[PDB]
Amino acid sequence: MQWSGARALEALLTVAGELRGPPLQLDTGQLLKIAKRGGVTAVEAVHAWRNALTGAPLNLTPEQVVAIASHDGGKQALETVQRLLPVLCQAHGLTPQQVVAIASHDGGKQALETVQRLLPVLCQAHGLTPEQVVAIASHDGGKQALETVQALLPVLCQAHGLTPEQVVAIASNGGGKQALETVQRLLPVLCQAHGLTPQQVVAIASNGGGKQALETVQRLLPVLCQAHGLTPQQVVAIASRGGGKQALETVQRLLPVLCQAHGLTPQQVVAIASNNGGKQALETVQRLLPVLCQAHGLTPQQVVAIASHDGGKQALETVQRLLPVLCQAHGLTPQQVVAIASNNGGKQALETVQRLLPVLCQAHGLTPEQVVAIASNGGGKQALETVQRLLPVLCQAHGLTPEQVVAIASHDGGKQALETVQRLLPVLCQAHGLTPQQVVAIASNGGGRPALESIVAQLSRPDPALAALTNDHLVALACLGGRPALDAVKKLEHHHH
C-alpha cells in the first residue's frame, strides 16, 4: 500500500466506512483483521457482496463472513461460498458451519471445490464419514490432502496395514499431502530398520510438519540414542508431542550444553522439548536460566516447570520481566508467580494478573490469594477477565457469594464454567429443582461446563436410563467426574436395559 500510483485510495475508504454500515456491522478490529490476511481485494469483495451473504439462501452471520474473508485468497473463497454453499448443504448433507469451516482457510476455493468433487468417491468407495472428509479439508492445502487421501488410502491400508482412522489423522493437518507421502516412503524404513511400531510412525506424522519430523527422526534417531544417550521412546516423544524437526535438531545441538554447563537431567531436557516450539523453550532456558535462577531467585526445577509447556519461551521471558514488578509492587511470592507461569498461556496470565490484580482487589473485593488461584490455571487470563465481567451479575442477578464465583473460576476452563452457570443456573434451579450450591458444586471442577450441559440434557430430555438414578445422585456423579462420569453411566444401560 506504498508505491505504484498517485492520488486515489478514495474508493478504499468509501467501502471501509460502509462496512460499519448495517448489513455486516464491522468494528475497527474486524476491518483491519480482514485487510491484514485477506488484502484489499478481500475488503472490497466483502463490501461488494455484503447483502448477498447476509440474507438469500446463505444467511451467514457477520463473524462468519469475517472468518471466511480473512485469509490469503479470501475473495476467492467468498465467491465460491456463495456459489457452492447450498449445493454442499443440500446435495451432500453438510451443515453451513461445516462449509464455512472448510472455507475459513488459505486456498478455501480449492478446498470447497475439491470437497464437492471428491466427497462422494471418498465416502462411497473408501467408506469415510463426511465428518472425516470435512476434517481433512478444513485446513490449508485441503485440496491436496483430499486428493492425496484418495490416491494413497488404498495403498496405505493394504500394503502398510494402517487403519483409515490413522490415514485420516495424518491427513487432517496442514501439509497432509506431505505427511502422507512421507509416511508411505518411510514406514518400512523406520519400522524394520530403526525399530518403531507403526503406531509410533503415525503418531509422528499426525502433527503439522510431520514430513519434517519423520525425515528428521530417521536421520537423527541413531545419533540421539548412542551419542546422546536417549531412548527411542524419548526420541519419538519429542517428534510426536509437537516439537518436530526443530526440537529434535535443537535437542542434539543443546543437550550437552544444558546438561553439563547448566546442570539439567536429560529427562528434563526431553520434557522441555516435547511440546510446541520446543526449539524456542530450549534456547530460552539456555539463556535466561542463569539470570532467572541465580538473580531472579528461582530453582532449576522451577524453571524446567515453566518451560515444560506450550509457549515456554513466552512464559520464561514474561516471568523474567514481570517477576520483580509482581513480587515487589503487588506482593506475590516467587512461588506464586511460578505457579501462574506453569501453564499454557503463562505469558497471558502474568500480564493479565499485572493489570487486573488491583482492579479485582479494589473494585470487586478479593484477596490476592484468590486472584492467584484463578490465575494459576490453564487459560488464567480468560478466567480473570470473565470473573471481573461476571462477578457482579452472578452475585446480584443470581445470588452467589464471591467465594463461590471464585471457586468456579479456579479451574481449567474457568471462563466456560462461569458463563455456563449464568446460562443454566436458572433452568436447573427452577425447572428441575436443583439448589444453587449443587450447581456450584458441579461447576467447581475441570470440565464444569460440559458437566452442567450434560446434566441439563439428562434431566430436560431423559434417556433410556429411566430415572434409575435420582437427581441428587446425578449431581453427585457429575461432581465426581462430570460428563465422562455420566456418559459412562448412560453407557451402562443403552444396549443393556
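Numbering starts at 1 and follows the sequence shown.
**Student:** Check the entry's C-alpha temperature factors for 441 to 449 and 59 to 67, then say which stretch has the higher mean.
**Tutor:** Higher mean C-alpha B-factor: 59 to 67.
**Student:** With reference to the PDB entry, specify whether the mean Cα temperature factor is higher for 415 to 423 or for 325 to 333.
**Tutor:** 325 to 333 has the higher mean C-alpha B-factor.
**Student:** So among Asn471, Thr41, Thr435, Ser454, who wins on Cα B-factor in the entry?
**Tutor:** Top of the list by C-alpha B-factor: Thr41.
**Student:** Identify, among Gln200, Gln98, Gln166, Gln294, the residue whose C-alpha carries the highest B-factor in the deposited PDB entry.
**Tutor:** Highest CA B-factor of the listed options: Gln294.
**Student:** Split the chain's modelled residues into thirds by Cα B-factor; is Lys347 in the lowest, middle or highest one?
**Tutor:** As the PDB entry reports it, the C-alpha B-factor of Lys347 lands in the middle third of its chain.
**Student:** Please say which third, lowest, middle or highest, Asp72 falls into when its CA temperature factor is compared across its chain.
**Tutor:** As the PDB entry reports it, the C-alpha B-factor of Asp72 lands in the middle third of its chain.
**Student:** Per the entry's values, where does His262 land by CA temperature factor relative to the rest of its chain, in the lowest, middle or highest third?
**Tutor:** For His262, whose C-alpha B-factor we compare with every modelled residue in the chain, the answer is the highest third.
**Student:** Among the modelled residues of its chain, does the C-alpha B-factor of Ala239 lie in the lowest, middle or highest third?
**Tutor:** Tercile = lowest for this residue's CA B-factor.
**Student:** Is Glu79 in the lowest, middle or highest third of its chain when residues are ranked by C-alpha B-factor?
**Tutor:** Within its chain, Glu79 is a highest-third residue by C-alpha B-factor, going by the deposited values.
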